[PDB]
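Asker: Before I ask anything, here is the structure I am working with.
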Amino acid sequence: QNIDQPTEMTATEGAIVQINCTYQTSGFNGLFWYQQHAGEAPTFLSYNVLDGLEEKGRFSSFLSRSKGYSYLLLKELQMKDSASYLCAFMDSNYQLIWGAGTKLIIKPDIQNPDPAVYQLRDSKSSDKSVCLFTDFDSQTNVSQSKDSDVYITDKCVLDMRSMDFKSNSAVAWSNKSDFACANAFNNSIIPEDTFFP
Amino acid sequence: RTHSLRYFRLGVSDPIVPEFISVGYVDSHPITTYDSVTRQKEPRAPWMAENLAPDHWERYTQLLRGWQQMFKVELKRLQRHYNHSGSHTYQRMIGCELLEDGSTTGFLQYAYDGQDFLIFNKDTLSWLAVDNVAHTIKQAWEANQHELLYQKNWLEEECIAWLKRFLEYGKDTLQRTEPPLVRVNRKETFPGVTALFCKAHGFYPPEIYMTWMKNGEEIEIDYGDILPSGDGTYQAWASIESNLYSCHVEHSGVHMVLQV
Amino acid sequence: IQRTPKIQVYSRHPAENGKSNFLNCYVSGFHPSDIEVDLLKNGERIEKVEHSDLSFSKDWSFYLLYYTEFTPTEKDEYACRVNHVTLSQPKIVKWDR
Amino acid sequence: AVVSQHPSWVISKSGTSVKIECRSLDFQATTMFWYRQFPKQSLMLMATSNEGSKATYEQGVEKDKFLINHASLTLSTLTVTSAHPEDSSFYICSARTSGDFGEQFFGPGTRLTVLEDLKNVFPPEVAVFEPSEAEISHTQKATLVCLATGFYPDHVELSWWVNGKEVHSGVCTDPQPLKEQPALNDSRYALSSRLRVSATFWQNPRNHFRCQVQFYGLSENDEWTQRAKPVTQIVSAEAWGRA
Ligand SMILES: *[C@@H](C)/C=N/c1c(NC[C@H](O)[C@H](O)[C@H](O)CO)[nH]c(=O)[nH]c1=O
Ligand code: NA
């Protein structure tokens with residue numbers, strides 16, 4: 001008696017995503033879909049016990065008791081949907097059997113990119129400064145530092161909802177004397193058309 | 001053969017007699033029991049204990065312990081909403097019917113003071129209240145649509161699942177056929193008058209059909225209830241007072257004629 | 001509503017003075033559950049008398065079966081003594097051989 | 001329905017005993033659950049709390065380390081007797097519905113981190129970085145960067161405040177913090193956040209920007225021997241509009 005669902009799923013923002021969940025059991029008293037953002041508790045999404053597809057806004061939950069199968073369908077996908085989607089069913093003796101959960105990664109749709117590396121300066125301090133690799137495509141991925149005194153964060157997407165605008169960004173800083181923005185992201189393969197002031 | 005699985009629940013407001021009891025039945029056989037004085041689900045038929053894992057009893061005991069608590073609270077609220085003085089009783093009944101022709105039936109009911117209170121319709125996913133007090137419970141139970149859905153499937157699929165399972169666990173007792181011993185004896189029911197008794201005994205299942213005939217026409221007939229003999233077999237009878245009569249009898253497929 | 005019991009006292013297999021039989025008393029269709037019942041041998045409570053547990057019928061009422069091992073005698077009289085809420089005086093049903 | 005569980009964050013020394021309470025703020029719960037989520041693993045069930053019955057434990061769970069009890073019908077309490085750094089985890093409370101279908105209601109939090117020495121607790125230092133003149137020239141936008149650095153453990157919550165109001169539009173915070181010295185375990189962390197606003201917005205000198213970092217440090221009923229006590233506090237960095 002066990003339940004199975006994918007470990008991870010990656011999809012572009014704005015398209016339908018089907019998280020399949022398949023079980024096998026002697027008894028069945030319904031199937032739950034729960035949503036759980038990193039470092040937070042899960043929140044109820046659905047309860048299907050009868051055969052058929054049931055809509056509840058942007059989300060949908062389908063069940064085939066005969067095929068021992070369910071799916072969570074997230075359409076018109078958003079950045080807020082990057083969460084983990086827990087699947088669990090009630091077996092014969094009313095025990096909830098949890099799945100390991102699918103981690104959903106929403107990659108944005110950067111249609112007008114201009115990869116550029118910039119230098120920022122501290123509000124109070126003078127010697128303090130950070131390099132920011134921003135406005136780069138979802139194709140380009142940022143690799144972490146192989147140096148202990150240089151710090152590089154992974155890409156992060158920010159939505160400027162007041163303008164329907166998104167952008168990937170990576171920050172890099174170091175106290176190292178010879179730390180420059182032109183050598184800051186050398187550990188990663190960056191576009192050949194990347195701007196440097 | 002046509003079989004059933006049904007579990008009963010009973011709550012008493014002023015106990016002596018346990019406050020809560022629950023017992024299961026496959027056909028007319030008690031298969032499970034739980035009460036507030038044991039607080040443990042136990043088997044009734046040996047073939048249950050033999051076939052169900054120790055984990056089964058552990059898990060349904062915690063379930064039943066929780067169900068007992070819900071029955072306490074429901075009975076107190078019903079008692080107060082009625083401003084009903086004295087002792088009162090709450091009863092629940094849920095079941096199965098796997099008919100001979102493959103078709104099924106599901107039912108769920110509640111009764112306050114031994115009279116129908118809330119009847120569940122699994123096709124409409126609604127509750128049938130008998131009065132203004134039952135109605136305010138209906139309003140609340142009909143609110144949670146998920147529970148209504150959960151119930152329909154439990155009755156329609158899960159219940160039959162369990163029933164079929166039990167029929168295999170106790171096929172030597174439930175699926176057996178012990179044909180009746182039919183005897184006709186003449187005995188004067190009053191002075192002068194003379195009646196014919198069609199006494200039948202030692203049969204299983206308890207479902208039997210006795211009747212008298214007048215050269216072929218169905219007769220005016222006095223009956224005896226189907227009664228347990230105590231050996232796991234049942235007993236019954238039927239009677240009537242120039243014409244030639246016969247006791248036509250049907251039990252578990254086979255049909256008998258006893259011309260006298 | 002309170003339902004009064006139906007008392008049916010009878011032998012297992014058809015009785016004949018001499019052979020060993022079982023005397024059953026089947027109290028049924030009663031409501032509520034609290035019921036006290038005993039069997040009698042000319043007004044004497046039979047000490048060793050096994051019985052079924054409280055059983056539940058679909059009509060909401062309950063039923064029980066009290067039985068004893070016995071050998072019939074042409075002289076000895078057998079009865080069933082039931083006491084329930086509905087019975088203001090305790091009901092005695094004698095066995096008709 | 002709602003379930004609440006206190007405390008939300010907790011730091012305790014190795015050897016002590018921490019108690020996580022859990023209450024269902026509306027309905028009474030006959031059964032409540034105790035879940036745990038080690039980083040990074042699935043949400044694992046560790047115990048089942050039952051009113052008028054004992055506590056059911058799972059595969060890994062040792063009935064000698066955890067002490068769960070059903071206090072009231074509204075309250076369940078998990079108590080970690082003799083804590084060790086291996087016990088440090090995310091502890092979620094759950095309460096099942098009255099109905100049989102089994103929907104659970106979860107309590108938010110609790111984040112417990114056991115430390116053999118409390119002399120390793122450090123609050124963050126926060127710095128804000130004004131947007132590049134070159135960024136505005138090209139993109140006609142202004143990304144602001146914040147930095148919460150040298151904090152331990154990972155008990156921080158970062159927020160942006162434009163002219164007194166908490167903002168979410170145009171914000172980006174690292175999901176995971178960076179180890180300053182990844183070589184050594186029990187290392188201090190660093191976390192960054194972005195605030196990209198319009199070109200003209202940041203050029204208005206009457207516009208105020210402030211990066212707020214909440215730290216969930218030590219209790220009042222915890223002892224300090226040193227350095228000022230790294231208690232629960234807020235550390236912030238400001239920025240003003242510039243033309
Ligand atoms: C052992 C299997 C005892 N079961 C039991 C049940 N079981 C039927 C079903 O699970 C339950 O009625 C649900 O509440 C249906 O929604 N029912 C019962 O009344 N008593 C029992 O002992
Ligand atoms: Na199962």
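Quick note on naming: the chains in the structure tokens go A, B, ... in the order shown, residues restart at 1 in each chain, and ligands are numbered from 1 in order of appearance.
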Pick out the residues no farther than 10 Å from ligand 1, counting only C-alpha atoms and all ligand atoms, and list them as JSON, numbers by chain.
Answerer: {"A": [29, 92, 93, 94], "B": [5, 6, 7, 8, 9, 10, 21, 22, 23, 24, 25, 31, 32, 33, 34, 35, 40, 41, 42, 43, 52, 56, 57, 58, 59, 60, 61, 63, 64, 65, 67, 68, 91, 92, 93, 94, 95, 108, 147, 148, 150, 151, 152, 153, 154, 155, 158, 159, 162], "D": [99, 100, 101]}
Asker: May I have the residues within 6 Å of ligand 2, computed using only C-alpha atoms and all ligand atoms, as a PDB file with N, CA and C atoms, in the first residue's frame?
Answerer:
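out04.pdb, freshly written:
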ATOM      1  N   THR A  25      -4.132   0.910  -2.919  1.00  0.00           N
ATOM      2  CA  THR A  25      -4.570   0.627  -1.561  1.00  0.00           C
ATOM      3  C   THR A  25      -5.732  -0.356  -1.571  1.00  0.00           C
ATOM      4  N   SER A  26      -5.918  -1.054  -0.436  1.00  0.00           N
ATOM      5  CA  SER A  26      -7.028  -1.979  -0.234  1.00  0.00           C
ATOM      6  C   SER A  26      -8.333  -1.185  -0.050  1.00  0.00           C
ATOM      7  N   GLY A  27      -8.247  -0.056   0.655  1.00  0.00           N
ATOM      8  CA  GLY A  27      -9.389   0.816   0.903  1.00  0.00           C
ATOM      9  C   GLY A  27      -9.090   2.262   0.584  1.00  0.00           C
ATOM     10  N   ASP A  91      -6.970   5.792   3.803  1.00  0.00           N
ATOM     11  CA  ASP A  91      -7.046   4.368   3.510  1.00  0.00           C
ATOM     12  C   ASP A  91      -8.250   3.708   4.277  1.00  0.00           C
ATOM     13  N   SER A  92      -8.436   2.392   4.078  1.00  0.00           N
ATOM     14  CA  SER A  92      -9.472   1.528   4.656  1.00  0.00           C
ATOM     15  C   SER A  92      -9.751   1.782   6.162  1.00  0.00           C
TER      16      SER A  92
END
Asker: Taking only segment 1-195 of chain A into account, list the residues labelled strand (DSSP E) by DSSP (computed from the backbone), as a ChimeraX atom specification.
Answerer: /A:2-4,8-12,17-24,31-36,43-48,52-56,59-64,69-74,84-90,96-98,102-107,116-122,129-136,150-152,156-159,166-174
Asker: Which residue out of C:35, C:59, C:66, C:50 has the minimum interatomic distance to residue 17 of chain B when only C-alpha atoms are used?
Answerer: C:35
Asker: Residues of chain D that approach chain B to 12 Å or less, counting only C-alpha atoms: could you list each one with the shortest pair of atoms and its distance in Å to one decimal, rows by chain and increasing residue number, as a Markdown table?
Answerer:
| residue | atom | partner | partner_atom | distance |
| --- | --- | --- | --- | --- |
| D:28 | CA | B:70 | CA | 10.6 |
| D:29 | CA | B:66 | CA | 9.8 |
| D:30 | CA | B:66 | CA | 6.3 |
| D:31 | CA | B:66 | CA | 8.1 |
| D:32 | CA | B:66 | CA | 11.9 |
| D:48 | CA | B:62 | CA | 10.6 |
| D:49 | CA | B:62 | CA | 10.7 |
| D:50 | CA | B:62 | CA | 8.0 |
| D:51 | CA | B:66 | CA | 8.2 |
| D:52 | CA | B:65 | CA | 8.2 |
| D:53 | CA | B:62 | CA | 7.9 |
| D:54 | CA | B:62 | CA | 9.8 |
| D:55 | CA | B:62 | CA | 10.7 |
| D:56 | CA | B:62 | CA | 10.2 |
| D:73 | CA | B:69 | CA | 11.0 |
| D:96 | CA | B:66 | CA | 11.3 |
| D:97 | CA | B:147 | CA | 10.3 |
| D:98 | CA | B:70 | CA | 7.9 |
| D:99 | CA | B:147 | CA | 6.6 |
| D:100 | CA | B:147 | CA | 7.4 |
| D:101 | CA | B:150 | CA | 6.0 |
| D:102 | CA | B:147 | CA | 9.3 |
| D:103 | CA | B:146 | CA | 9.6 |
Asker: Run DSSP on the backbone and give me the residues of segment 83-226 of chain B it puts in helix (DSSP H, G or I), as an MDAnalysis selection string.
Answerer: chainID B and resid 132:141 145:169 171:174
Asker: Those same residues, written as an mmCIF file, in the first residue's frame with N, CA and C atoms?
Answerer:
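Printed below is out-v7.cif as written:
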data_model
loop_
_atom_site.group_PDB
_atom_site.id
_atom_site.type_symbol
_atom_site.label_atom_id
_atom_site.label_comp_id
_atom_site.auth_asym_id
_atom_site.auth_seq_id
_atom_site.Cartn_x
_atom_site.Cartn_y
_atom_site.Cartn_z
ATOM 1 N N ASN B 132 -38.813 20.378 13.362
ATOM 2 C CA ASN B 132 -38.094 21.641 13.546
ATOM 3 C C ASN B 132 -36.765 21.509 14.308
ATOM 4 N N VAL B 133 -36.602 20.461 15.154
ATOM 5 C CA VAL B 133 -35.371 20.238 15.934
ATOM 6 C C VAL B 133 -34.419 19.452 15.058
ATOM 7 N N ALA B 134 -34.909 18.378 14.426
ATOM 8 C CA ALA B 134 -34.116 17.575 13.489
ATOM 9 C C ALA B 134 -33.610 18.445 12.341
ATOM 10 N N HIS B 135 -34.470 19.368 11.895
ATOM 11 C CA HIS B 135 -34.210 20.298 10.825
ATOM 12 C C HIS B 135 -33.009 21.189 11.073
ATOM 13 N N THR B 136 -32.810 21.672 12.300
ATOM 14 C CA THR B 136 -31.664 22.538 12.571
ATOM 15 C C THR B 136 -30.369 21.704 12.583
ATOM 16 N N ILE B 137 -30.463 20.381 12.785
ATOM 17 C CA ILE B 137 -29.281 19.504 12.693
ATOM 18 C C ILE B 137 -28.977 19.310 11.194
ATOM 19 N N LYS B 138 -30.031 18.994 10.385
ATOM 20 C CA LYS B 138 -29.992 18.841 8.925
ATOM 21 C C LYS B 138 -29.268 20.032 8.313
ATOM 22 N N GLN B 139 -29.723 21.283 8.609
ATOM 23 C CA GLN B 139 -29.147 22.552 8.123
ATOM 24 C C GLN B 139 -27.636 22.589 8.314
ATOM 25 N N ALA B 140 -27.170 22.122 9.475
ATOM 26 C CA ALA B 140 -25.749 22.073 9.799
ATOM 27 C C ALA B 140 -24.994 20.922 9.048
ATOM 28 N N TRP B 141 -25.555 19.693 9.006
ATOM 29 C CA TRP B 141 -24.901 18.565 8.344
ATOM 30 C C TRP B 141 -24.846 18.746 6.812
ATOM 31 N N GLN B 145 -20.404 19.973 2.498
ATOM 32 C CA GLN B 145 -20.655 19.170 1.302
ATOM 33 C C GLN B 145 -19.658 18.028 1.139
ATOM 34 N N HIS B 146 -18.421 18.232 1.602
ATOM 35 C CA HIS B 146 -17.377 17.226 1.543
ATOM 36 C C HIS B 146 -17.789 15.981 2.322
ATOM 37 N N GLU B 147 -18.326 16.130 3.550
ATOM 38 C CA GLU B 147 -18.751 14.988 4.365
ATOM 39 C C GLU B 147 -19.854 14.205 3.654
ATOM 40 N N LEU B 148 -20.822 14.909 3.035
ATOM 41 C CA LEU B 148 -21.911 14.290 2.269
ATOM 42 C C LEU B 148 -21.343 13.406 1.127
ATOM 43 N N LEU B 149 -20.334 13.945 0.394
ATOM 44 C CA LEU B 149 -19.646 13.227 -0.674
ATOM 45 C C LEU B 149 -18.922 12.000 -0.129
ATOM 46 N N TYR B 150 -18.142 12.189 0.964
ATOM 47 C CA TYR B 150 -17.394 11.141 1.648
ATOM 48 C C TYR B 150 -18.339 9.960 1.990
ATOM 49 N N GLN B 151 -19.529 10.292 2.534
ATOM 50 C CA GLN B 151 -20.547 9.336 2.954
ATOM 51 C C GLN B 151 -21.091 8.489 1.788
ATOM 52 N N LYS B 152 -21.503 9.160 0.678
ATOM 53 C CA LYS B 152 -22.036 8.529 -0.515
ATOM 54 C C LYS B 152 -21.063 7.481 -0.973
ATOM 55 N N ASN B 153 -19.768 7.822 -1.157
ATOM 56 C CA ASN B 153 -18.756 6.847 -1.577
ATOM 57 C C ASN B 153 -18.571 5.759 -0.502
ATOM 58 N N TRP B 154 -18.504 6.108 0.819
ATOM 59 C CA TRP B 154 -18.348 5.039 1.810
ATOM 60 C C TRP B 154 -19.414 3.991 1.612
ATOM 61 N N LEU B 155 -20.702 4.392 1.558
ATOM 62 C CA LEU B 155 -21.840 3.484 1.355
ATOM 63 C C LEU B 155 -21.810 2.725 -0.005
ATOM 64 N N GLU B 156 -21.621 3.466 -1.101
ATOM 65 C CA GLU B 156 -21.630 2.915 -2.449
ATOM 66 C C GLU B 156 -20.483 1.968 -2.772
ATOM 67 N N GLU B 157 -19.261 2.233 -2.274
ATOM 68 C CA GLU B 157 -18.117 1.409 -2.665
ATOM 69 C C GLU B 157 -17.423 0.709 -1.500
ATOM 70 N N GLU B 158 -16.979 1.495 -0.495
ATOM 71 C CA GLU B 158 -16.207 1.018 0.652
ATOM 72 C C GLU B 158 -16.962 0.019 1.523
ATOM 73 N N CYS B 159 -18.246 0.264 1.725
ATOM 74 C CA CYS B 159 -19.037 -0.597 2.562
ATOM 75 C C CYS B 159 -19.117 -1.993 1.930
ATOM 76 N N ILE B 160 -19.430 -2.060 0.609
ATOM 77 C CA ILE B 160 -19.554 -3.311 -0.161
ATOM 78 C C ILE B 160 -18.194 -4.027 -0.176
ATOM 79 N N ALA B 161 -17.107 -3.244 -0.268
ATOM 80 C CA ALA B 161 -15.745 -3.750 -0.224
ATOM 81 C C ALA B 161 -15.566 -4.607 1.020
ATOM 82 N N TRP B 162 -15.859 -4.022 2.185
ATOM 83 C CA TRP B 162 -15.777 -4.650 3.488
ATOM 84 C C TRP B 162 -16.667 -5.870 3.606
ATOM 85 N N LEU B 163 -17.927 -5.782 3.119
ATOM 86 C CA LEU B 163 -18.926 -6.858 3.178
ATOM 87 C C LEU B 163 -18.446 -8.107 2.448
ATOM 88 N N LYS B 164 -17.995 -7.928 1.197
ATOM 89 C CA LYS B 164 -17.487 -8.986 0.334
ATOM 90 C C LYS B 164 -16.299 -9.679 0.991
ATOM 91 N N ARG B 165 -15.443 -8.907 1.671
ATOM 92 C CA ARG B 165 -14.252 -9.374 2.372
ATOM 93 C C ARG B 165 -14.634 -10.327 3.501
ATOM 94 N N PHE B 166 -15.601 -9.900 4.327
ATOM 95 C CA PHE B 166 -16.130 -10.638 5.463
ATOM 96 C C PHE B 166 -16.787 -11.917 5.018
ATOM 97 N N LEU B 167 -17.463 -11.896 3.850
ATOM 98 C CA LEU B 167 -18.116 -13.080 3.296
ATOM 99 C C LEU B 167 -17.088 -14.148 2.983
ATOM 100 N N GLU B 168 -15.848 -13.752 2.643
ATOM 101 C CA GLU B 168 -14.797 -14.714 2.366
ATOM 102 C C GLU B 168 -14.201 -15.207 3.668
ATOM 103 N N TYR B 169 -14.057 -14.314 4.660
ATOM 104 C CA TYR B 169 -13.516 -14.630 5.982
ATOM 105 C C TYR B 169 -14.400 -15.632 6.735
ATOM 106 N N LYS B 171 -17.089 -17.655 5.039
ATOM 107 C CA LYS B 171 -17.862 -18.327 3.976
ATOM 108 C C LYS B 171 -18.427 -19.656 4.441
ATOM 109 N N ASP B 172 -17.793 -20.278 5.439
ATOM 110 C CA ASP B 172 -18.248 -21.566 5.937
ATOM 111 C C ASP B 172 -19.510 -21.406 6.796
ATOM 112 N N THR B 173 -19.735 -20.199 7.361
ATOM 113 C CA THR B 173 -20.909 -19.891 8.185
ATOM 114 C C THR B 173 -21.977 -19.091 7.436
ATOM 115 N N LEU B 174 -21.564 -18.031 6.715
ATOM 116 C CA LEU B 174 -22.486 -17.135 6.022
ATOM 117 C C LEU B 174 -22.968 -17.689 4.683
#
Asker: Taking only C-alpha atoms into account, report as a PyMOL selection string which residues of chain D lie within 9 Å of chain A.
Answerer: chain D and resi 37+41-44+90+92-93+100-109+111+127-135+139+143-145+168-183+190-197+237-240
Asker: Please return, as a count of residues only, all residues of chain B lying within 9 Å of chain C when only C-alpha atoms are considered.
Answerer: 23
Asker: Please indicate the distance in Å from atom CA of residue 140 of chain D to atom CA of residue 108 of chain A, rounded to one decimal place.
Answerer: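 Separation between atom CA of residue 140 of chain D and atom CA of residue 108 of chain A: 20.9 Å.
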Asker: Write out as a ChimeraX atom specification each polymer residue whose atoms come within 6 Å of segment 60-71 of chain A, counting only C-alpha atoms; drop sequence neighbours fewer than 6 positions from it.
Answerer: /A:19-24,51-54
Asker: Deliver the residues from the most recent selection as a file, using N, CA, C and O atoms, as a compact mmCIF listing (two decimals), in the first residue's frame.
Answerer:
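The file below, selection16.txt, is the result:
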# COMPACT_ATOMS: atom_id res chain seq x y z
N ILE A 19 0.05 18.12 -11.88
CA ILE A 19 0.79 17.34 -10.89
C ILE A 19 0.03 16.02 -10.68
O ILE A 19 -1.02 16.01 -10.03
N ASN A 20 0.53 14.93 -11.26
CA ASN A 20 -0.13 13.63 -11.14
C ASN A 20 0.23 12.96 -9.83
O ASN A 20 1.37 13.07 -9.37
N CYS A 21 -0.74 12.28 -9.22
CA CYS A 21 -0.60 11.54 -7.99
C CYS A 21 -1.24 10.22 -8.18
O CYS A 21 -2.41 10.17 -8.54
N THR A 22 -0.48 9.13 -7.98
CA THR A 22 -1.02 7.78 -8.18
C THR A 22 -0.82 6.95 -6.94
O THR A 22 0.28 6.89 -6.39
N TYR A 23 -1.88 6.31 -6.51
CA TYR A 23 -1.91 5.46 -5.32
C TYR A 23 -2.34 4.04 -5.68
O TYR A 23 -2.62 3.72 -6.84
N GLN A 24 -2.33 3.18 -4.67
CA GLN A 24 -2.74 1.79 -4.67
C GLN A 24 -2.95 1.46 -3.22
O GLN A 24 -2.11 1.79 -2.38
N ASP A 51 -15.45 10.10 -8.46
CA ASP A 51 -14.82 10.18 -9.78
C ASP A 51 -15.19 11.50 -10.54
O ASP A 51 -16.28 12.05 -10.37
N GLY A 52 -14.24 12.02 -11.33
CA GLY A 52 -14.44 13.25 -12.09
C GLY A 52 -13.53 14.41 -11.75
O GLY A 52 -12.88 14.42 -10.70
N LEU A 53 -13.50 15.41 -12.64
CA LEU A 53 -12.71 16.65 -12.50
C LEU A 53 -13.52 17.75 -11.77
O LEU A 53 -14.66 18.04 -12.16
N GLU A 54 -12.93 18.36 -10.74
CA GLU A 54 -13.62 19.40 -9.99
C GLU A 54 -12.77 20.65 -10.00
O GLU A 54 -11.60 20.62 -9.62
